[PDB]
């Protein structure tokens, strides 16, 4: 039976329409916490911009975090796994974005920066997602840092164009306007493996919840994958069960369906 739950944040815990966590989600996570389920966040965001989970954090309901798509995982104050991107590939992405005239965010362990932020950053990251303004640094400076994740605001055509230049990185999206790039193998599936290794939980005892392309590997990898009802068709197809949309009690209904609560 299920022992560990892995939740994506945007479109799975937090509504893109209200920017809040549905009340029935908070009630379901309280009831699962008291039943002894372990509750984990699994997000493409780095810790520095997780600014929308205080309801669950102040209720002490989260047992650990998979951040940066699995490239930085921690339980309490303890880092259990982290990675960095090959410097050649950080430099190639900085050069490609600078040439194309698009912004890119560069995330280090303890710093986050943005290069040449433009309308796509202001429109999507700040006006819509409500992320705090990230400090600007030049592409040259960023190209030289030890980077755990890059977030280029590139289209799918542009991503296919830069691909040859980031030969070993993973790339995926939780929103259509930008993509997150991590080192080889660092996906939320790797995150689930590191968190259950720490707790002695088997893969056959996990359940994941997601709405986006960057959740597909953890929807297929967990023993039971739950897609949100408003997710695109390929995310639904990677799941074992499609629940109601997020703002129609999707999380609570899924957890009640399985008997988690």
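Positions refer to the first chain, counted from 1.
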- Task: Between 114-122 and 80-88, name whichever shows the higher mean Cα B factor according to the PDB entry.
- Result: 114-122
- 157-165 versus 90-98: which one carries the higher mean Cα B factor per the record? 157-165
- Note on the structure: Per the deposited entry, the peak Cα B-factor within the set 193, 234, 30, 58 goes to 58
- Among 43, 52, 217, 208 - the residue whose C-alpha B-factor is largest in the record: 52
- Message: Where does the C-alpha B-factor of residue 138 rank in its chain, lowest, middle or highest third?
- Response: middle
- Ranked against its chain, the third holding the CA B-factor of residue 186: lowest
- Taking the values exactly as deposited, rank residue 24 by C-alpha B-factor within its chain and report the matching third: lowest, middle or highest. middle
- Please rank the C-alpha B-factors of the chain's modelled residues and tell me whether residue 15 sits in the lowest, middle or highest third. highest
- Item | Modelled-residue ranking by C-alpha temperature factor, third containing residue 147 | lowest
